[PDB]
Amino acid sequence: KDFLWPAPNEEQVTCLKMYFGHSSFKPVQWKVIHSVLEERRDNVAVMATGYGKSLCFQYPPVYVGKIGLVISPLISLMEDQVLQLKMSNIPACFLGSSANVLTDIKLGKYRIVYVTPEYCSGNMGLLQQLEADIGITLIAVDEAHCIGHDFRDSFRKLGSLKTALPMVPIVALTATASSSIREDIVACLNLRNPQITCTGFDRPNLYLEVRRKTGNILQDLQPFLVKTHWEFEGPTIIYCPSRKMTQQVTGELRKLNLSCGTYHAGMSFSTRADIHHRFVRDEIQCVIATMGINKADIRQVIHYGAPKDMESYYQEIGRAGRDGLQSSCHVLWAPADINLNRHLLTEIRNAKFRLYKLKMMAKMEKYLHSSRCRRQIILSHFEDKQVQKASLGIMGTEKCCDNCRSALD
């Protein structure tokens, strides 16, 4: 149910507004936050993209004014989150093998402390000292940050956190309902009677289509344009596989006077914040991207070129129709696309990582070539086997996907 129990009190709701700008907690967020704060319980939160997984670990230490330890091997992503938190008046730091920051962590100056798994393995005694002196509200581990080609490959070394900090709850975030992966998480992290919550993975308001490329950027994108200078039907994100393609597509759209912005990891935090703000305010109609985009009313997502893998594809299309209204997500691809080029995978000498990447690429290729319901493929991929009635209602209809629509011809 979407009934929050117990109800967030006045101190909790005003804190949420002051530090995060939100007026209410979402149901799965609240289940996790409450369990961490009141029950001090480990949690495995299976959360679909765009739900609000980050609040699960950022809010509790901010509310009690203690430390949330966020463990990830993605150093540049953590450095960027420090800056997002800074803009909300939440002090955060990255702690690594950091003389001026460790002294300040011991003084209570930081709410969120980002560390790599490598750092944790060598400094358990230091983390025990922080828990004894200040208190650690929670430890957060995101399974998705293992994109090192496995949760075990990325976080194997964390099988000592729970033994060093037995009373500190761990919140493990995952973007898949796979029982095998949940078992891998519980076992690797030594979770004690964890609370398991899941959001479900369908987004019924997204029409899914896959179409082959025609041999020219403007020729491929022309069908998405409506007359006025021509423009898209609504706010649109175009995902490209490389910074070069992002600039090529941007250059072509600008020949048609489309209002565009680019969004990639080569840009600074401040330049990305400006594009995001302008897209949110509808001062630009299209963002061409290669670090998410949160906007309520994205009406169209286009992957210009085959996506990398099902997980990133799903996260990317998930930015669409966050308001619940009808949106469309189209993949324009060709077998020669760089994300299906087996050469760089075939170059890997190691047998294990060459097999993992080849398996991911094969799953993506099978989805692109499929004549089956695209929605069912996605739901099955994320092992969301208990399909919701809403999903059964959308599937098979003209608004589900291109294959469902052509079966109705």
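Sequential numbering from 1, following the sequence displayed.
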Unmodelled deposited residues between residue 228 and residue 229: none, 1 to 3, 4 to 9, or 10 or more?
1 to 3
Gap size between residue 161 and residue 160, counted in deposited residues that the entry leaves unmodelled
none
Comparing mean C-alpha B factor in the record for 348-356 and 66-74, the higher one is 348-356
Comparing 31-39 with 379-387, the one whose average Cα B-factor in the PDB entry is higher:
379-387
Compare the CA B factors listed in the entry for 208, 317, 165, 185 and report the winner.
185
From 250, 328, 84, 180, can you pick the one with the highest C-alpha B factor in the entry?
180
Comparing residue 124 with the other modelled residues of its chain, is its CA B-factor in the lowest, middle or highest third?
highest
Looking at the entry's B-factor column for C-alpha atoms only, identify whether residue 372 ranks in the lowest, middle or highest third of its chain.
middle
Please place residue 117 in the lowest, middle or highest third of its chain by C-alpha B factor as given in the entry.
highest
Among the modelled residues of its chain, the C-alpha B-factor of residue 364 falls in the third labelled middle
Sorting the chain's modelled residues by C-alpha B-factor and splitting them into thirds places residue 60 in the lowest
